[PDB]
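Right, one structure below, let's go through it.
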Amino acid sequence: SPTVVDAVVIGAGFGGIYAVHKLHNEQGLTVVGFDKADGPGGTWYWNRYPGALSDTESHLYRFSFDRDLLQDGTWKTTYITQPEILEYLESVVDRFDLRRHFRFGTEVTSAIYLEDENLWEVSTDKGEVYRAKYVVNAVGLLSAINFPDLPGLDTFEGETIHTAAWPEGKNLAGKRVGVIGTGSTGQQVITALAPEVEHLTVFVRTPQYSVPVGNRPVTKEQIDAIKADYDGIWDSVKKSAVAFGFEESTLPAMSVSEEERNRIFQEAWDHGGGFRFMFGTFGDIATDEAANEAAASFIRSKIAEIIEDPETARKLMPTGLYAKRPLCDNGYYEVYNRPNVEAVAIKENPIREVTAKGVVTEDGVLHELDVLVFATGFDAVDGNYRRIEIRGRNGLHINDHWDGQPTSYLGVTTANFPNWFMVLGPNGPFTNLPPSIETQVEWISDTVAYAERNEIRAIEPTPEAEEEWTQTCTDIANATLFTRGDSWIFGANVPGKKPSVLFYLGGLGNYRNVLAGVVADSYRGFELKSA
Ligand SMILES: Cc1cc2nc3c(=O)[nH]c(=O)nc-3n(C[C@H](O)[C@H](O)[C@H](O)COP(=O)(O)OP(=O)(O)OC[C@H]3O[C@@H](n4cnc5c(N)ncnc54)[C@H](O)[C@@H]3O)c2cc1C
Ligand SMILES: NC(=O)c1ccc[n+]([C@@H]2O[C@H](COP(=O)([O-])OP(=O)(O)OC[C@H]3O[C@@H](n4cnc5c(N)ncnc54)[C@H](OP(=O)(O)O)[C@@H]3O)[C@@H](O)[C@H]2O)c1
């Protein structure tokens with residue numbers, strides 16, 4: 001005796017919160033949501049590591065769809081910490097009475113399409129079964145935990161924390177900590193842990209490029225000036241490419257004098273923001289090799305000013321293309337001048353084994369550790385889809401459908417899987433994410449309503465349309481240097497995972513233009529089954 005509902009939503013982050021609001025409050029459908037978390041927040045429920053903070057400016061790292069909720073927003077700094085975002089997202093849940101629609105502490109273990117009924121059968125880890133005509137997957141593009149295995153790790157004194165599963169209230173003051181990982185998460189937790197711990201050991205494998213964040217206090221008059229121009233601010237954001245609120249440059253870097261190139265880089269550096277350094281200074285830093293090297297070397301010279309010990313600056317000096325997700329920090333490079341901060345270059349002096357009481361290097365040197373923080377990445381974009389049994393038409397598994405690379409049509413849809421939608425699924429926009437999540441959930445909500453109104457019982461894309469979208473994303477990505485960034489953005493960070501394109505990099509405005517032309521062209525690329 002399964003529970004019948006119109007729509008199932010998986011995940012209670014940004015995407016699920018909004019999807020439950022659109023499907024129930026606006027369209028009046030019966031909806032059930034799920035999250036293995038005990039409450040809402042998604043990313044910001046799980047990542048409670050110290051230093052966790054958004055690189056989207058405070059006034060734009062939030063929903064834009066409700067004007068009253070925009071005029072009630074509050075914040076203290078130019079950027080916003082994890083406890084502030086979790087609080088904001090919880091406030092959205094109470095504001096729209098969404099809580100009662102969500103089954104928390106529950107994991108969706110299977111999602112099986114029943115063709116003869118045109119219904120999805122969704123079963124959970126608690127034993128309950130549901131049947132729905134629509135399924136909306138908001139399972140998170142940076143959500144499936146990546147946890148590398150090390151020799152003898154099952155045999156260790158003390159705790160092993162992956163940053164995306166940090167226990168609330170855990171403080172490491174006065175302890176002896178090691179951190180592995182030098183991406184955005186590692187930098188934040190290294191910078192936050194340095195003043196409190198008595199010895200920090202950073203196992204650095206690939207040092208990265210990072211600019212100052214510039215997180216400045218915000219006055220009431222500043223907030224009010226933003227609130228009285230919210231419409232135009234969001235209008236410009238949604239028409240732009242990366243949607244961070246700053247003017248995106250079209251000036252080629254090597255077309256100006258060396259002094260002007262320096263002046264522009266130094267202005268962004270002093271202002272702050274990783275995305276602004278990459279896209280707000282010149283227009284070809286991500287597509288022109290000479291422009292990219294000008295940006296990379298300017299950052300290197302700054303790191304050489306900061307880190308006094310030249311041998312310490314050597315291990316932390318980033319080489320190669322400036323083509324990973326732009327990073328910014330609250331004083332990351334100054335940490336290594338502290339006497340109680342050690343850097344270990346893992347590529348020269350590798351990790352050999354985890355002992356009972358610490359980590360041994362091929363140094364013939366053990367580093368004792370009360371705690372070992374894992375600042376490693378995510379099985380990004382497609383990870384949380386491959387972890388569960390998703391079968392569509394003819395019972396074809398999602399892993400067999402996504403045999404090689406994960407694919408979509410327009411980032412929100414895939415073939416053989418009718419009435420089945422993805423928020424931040426494969427081959428979607430690469431922007432400030434809340435306004436791209438809103439764009440997707442809005443199109444998904446409008447597409448369900450169109451099915452309900454015109455009596456369609458199954459919508460799904462054609463293989464021809466899906467392959468056309470893959471090619472469109474592949475051609476655009478091949479015009480950039482991100483394809484050679486060697487990061488999670490192209491699926492190169494998980495061993496066993498085959499690299500591929502994973503993002504449409506045409507920008508949010510072009511993406512929204514593509515979605516609107518698809519709808520106006522009577523859902524071009526979509527097969528409709530009626531009656
Ligand atoms: C530390 C950090 C900082 C970031 N900073 C920024 C930033 O400044 N700007 C920006 O644009 N983006 C940022 N991001 C990225 C992005 O904005 C967030 O990941 C965003 O909140 C995604 O929202 P979501 O709802 O799509 O997914 P998530 O927040 O990841 O929510 C997915 C949810 O689905 C649940 N789930 C998955 N599978 C199942 C299942 N089988 N059953 C039940 N529940 C399931 C998970 O528990 C999770 O709670 C950051 C990400 C991280 C990790
Ligand atoms: N906006 C924000 O402030 C913010 C903050 C945190 C996260 N994020 C988002 O989340 C993404 C991922 O961030 P993240 O830093 O958690 O992930 P990440 O970019 O994948 O970083 C993983 C780190 O772990 C290292 N590592 C991986 N496997 C290892 C192994 N087997 N042994 C040793 N070291 C290993 C990596 O080194 P290698 O490079 O050598 O592989 C890297 O330094 C970011 O790009 C960003 O989109 C955003």
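A note on labels: chains of the structure tokens are A, B, ... as shown, every chain counts residues from 1, and ligands are counted from 1 in their shown order.
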
Query - ligand 2 neighbours within 7 Å using only C-alpha atoms and all ligand atoms, as a list in words - result: residues 52, 53, 54, 55, 56, 142, 148, 149, 180, 181, 182, 183, 184, 185, 186, 204, 205, 206, 325, 375, 376, 377, 378, 487, 488 and 493 of chain A

Requested in this report: List all protein, DNA and RNA residues that have at least one atom no more than 8 Å from any atom of ligand 1, counting only C-alpha atoms and all ligand atoms, and write them as a ChimeraX atom specification.
Outcome: /A:10-17,34-37,40-47,52-57,61,82,106-109,124,138-144,164,184-185,384-385,387-388,423-424,431-434,437

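Straight-line separation from atom CA of residue A:270 to atom CA of residue A:293: 19.8 Å.
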
Query raised in the report: Quick one: residues within 9 Å of stretch 262-267 of chain A, only C-alpha atoms counted, chain neighbours fewer than 2 positions away excluded, as number ranges by chain?
Result: A: 257-260, 269-272, 277, 281-282, 295, 298

Query - helix (DSSP H, G or I) call set, DSSP backbone run, stretch 334-375 of chain A, as JSON, numbers by chain - result: {"A": [334, 335, 336, 337]}

Pull C-alpha atoms from the residues just selected and write them as a PDB file, in the first residue's frame.
ATOM      1  CA  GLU A 334      50.369  34.264   6.171  1.00  0.00           C
ATOM      2  CA  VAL A 335      49.603  31.125   8.211  1.00  0.00           C
ATOM      3  CA  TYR A 336      52.847  29.490   7.084  1.00  0.00           C
ATOM      4  CA  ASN A 337      54.928  32.226   8.750  1.00  0.00           C
TER       5      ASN A 337
END

Requested in this report: Rank A:72, A:455, A:464, A:329 by their smallest atom-to-atom distance to residue A:192, using only C-alpha atoms, and report the top residue only.
Outcome: A:329

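Across A:513, A:188, A:416, A:27, the tightest approach to residue A:446 is made by A:27 when counting only C-alpha atoms.
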
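The two atoms in question, atom CA of residue A:328 and atom CA of residue A:214, are spaced 8.6 Å apart.
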
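Nearest residue to residue A:410, choosing from A:371, A:189, A:473, A:278 and counting only C-alpha atoms: A:473.
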
Which residues are near residue A:435? Cut-off 9 Å, only C-alpha atoms, ignore same chain within fewer than 3 positions. Put them as an mmCIF file with N, CA, C and O atoms, in the first residue's frame.
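Result went into around15.cif, see below:
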data_model
loop_
_atom_site.group_PDB
_atom_site.id
_atom_site.type_symbol
_atom_site.label_atom_id
_atom_site.label_comp_id
_atom_site.auth_asym_id
_atom_site.auth_seq_id
_atom_site.Cartn_x
_atom_site.Cartn_y
_atom_site.Cartn_z
ATOM 1 N N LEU A 60 23.751 38.570 -2.694
ATOM 2 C CA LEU A 60 23.429 37.726 -3.832
ATOM 3 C C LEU A 60 23.460 36.232 -3.522
ATOM 4 O O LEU A 60 23.116 35.430 -4.396
ATOM 5 N N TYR A 61 23.872 35.827 -2.322
ATOM 6 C CA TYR A 61 23.900 34.402 -1.976
ATOM 7 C C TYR A 61 22.636 34.047 -1.189
ATOM 8 O O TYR A 61 22.658 33.734 0.007
ATOM 9 N N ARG A 62 21.516 34.124 -1.906
ATOM 10 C CA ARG A 62 20.175 34.007 -1.351
ATOM 11 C C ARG A 62 19.194 33.894 -2.520
ATOM 12 O O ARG A 62 19.548 34.151 -3.675
ATOM 13 N N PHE A 63 17.957 33.496 -2.208
ATOM 14 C CA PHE A 63 16.875 33.468 -3.196
ATOM 15 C C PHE A 63 16.541 34.878 -3.677
ATOM 16 O O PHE A 63 16.613 35.845 -2.921
ATOM 17 N N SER A 64 16.147 34.999 -4.941
ATOM 18 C CA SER A 64 15.688 36.285 -5.453
ATOM 19 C C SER A 64 14.201 36.364 -5.759
ATOM 20 O O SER A 64 13.738 37.444 -6.135
ATOM 21 N N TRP A 234 19.227 42.399 -9.523
ATOM 22 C CA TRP A 234 18.918 41.038 -9.970
ATOM 23 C C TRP A 234 18.720 40.969 -11.483
ATOM 24 O O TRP A 234 19.113 39.979 -12.108
ATOM 25 N N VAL A 237 22.281 40.753 -12.789
ATOM 26 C CA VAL A 237 22.835 39.459 -12.427
ATOM 27 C C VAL A 237 22.346 38.380 -13.389
ATOM 28 O O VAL A 237 23.139 37.622 -13.962
ATOM 29 N N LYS A 238 21.030 38.313 -13.603
ATOM 30 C CA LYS A 238 20.470 37.205 -14.364
ATOM 31 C C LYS A 238 20.765 37.310 -15.854
ATOM 32 O O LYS A 238 20.753 36.284 -16.539
ATOM 33 N N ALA A 243 27.265 35.967 -12.813
ATOM 34 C CA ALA A 243 26.161 36.319 -11.918
ATOM 35 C C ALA A 243 26.656 36.594 -10.499
ATOM 36 O O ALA A 243 25.946 36.327 -9.519
ATOM 37 N N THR A 431 28.013 29.209 -12.591
ATOM 38 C CA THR A 431 27.779 30.581 -12.157
ATOM 39 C C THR A 431 27.719 30.614 -10.634
ATOM 40 O O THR A 431 27.800 29.582 -9.976
ATOM 41 N N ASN A 432 27.534 31.808 -10.077
ATOM 42 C CA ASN A 432 26.844 31.943 -8.799
ATOM 43 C C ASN A 432 25.622 31.027 -8.802
ATOM 44 O O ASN A 432 24.796 31.085 -9.724
ATOM 45 N N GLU A 438 17.416 28.742 -9.140
ATOM 46 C CA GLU A 438 16.104 29.330 -9.357
ATOM 47 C C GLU A 438 15.660 29.164 -10.802
ATOM 48 O O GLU A 438 14.521 28.777 -11.065
ATOM 49 N N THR A 439 16.555 29.425 -11.754
ATOM 50 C CA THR A 439 16.201 29.284 -13.163
ATOM 51 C C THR A 439 15.775 27.858 -13.475
ATOM 52 O O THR A 439 14.823 27.626 -14.234
ATOM 53 N N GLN A 440 16.461 26.885 -12.886
ATOM 54 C CA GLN A 440 16.149 25.506 -13.223
ATOM 55 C C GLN A 440 14.840 25.077 -12.580
ATOM 56 O O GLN A 440 13.956 24.549 -13.266
ATOM 57 N N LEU A 508 24.927 32.441 -17.524
ATOM 58 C CA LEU A 508 23.535 32.345 -17.090
ATOM 59 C C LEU A 508 22.578 32.988 -18.087
ATOM 60 O O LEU A 508 21.507 32.439 -18.363
#

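With distances restricted to only C-alpha atoms, A:442 is the closest residue to residue A:516 from A:128, A:442, A:368, A:452.
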
Query - Residues near residue A:463, cut-off 10 Å, only C-alpha atoms, skip fewer than 6 positions along chain, as a PyMOL selection string - result: chain A and resi 408-409+414-416+469+525-526

Report task. Please identify all polymer residues within 10 Å of residue A:394, counting only C-alpha atoms, omitting same-chain residues fewer than 4 positions from it, and present them as JSON, numbers by chain. Result -> {"A": [113, 114, 115, 416, 417]}

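Nearest residue to residue A:456, choosing from A:505, A:366, A:514, A:528 and counting only C-alpha atoms: A:528.
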
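Excluding residue A:286 and any residue on its chain fewer than 3 positions from it, the residues at most 7 Å away by only C-alpha atoms are residues 292, 323, 480 and 481 of chain A.
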
Report task. Report the distance between atom CA of residue A:472 and atom CA of residue A:504 in Å, rounded to one decimal place. Result -> 8.0 Å

**Report entry** Given only C-alpha atoms as the counted atoms, nearest of A:475, A:426, A:236, A:152 to residue A:352
**Finding:** A:152

Query - Every residue of stretch 250-415 of chain A that DSSP places in strand (DSSP E or B), as an MDAnalysis selection string - result: chainID A and resid 327:329 341:345 351:354 358:361 365:368 371:374 378 389:391 397 409 413
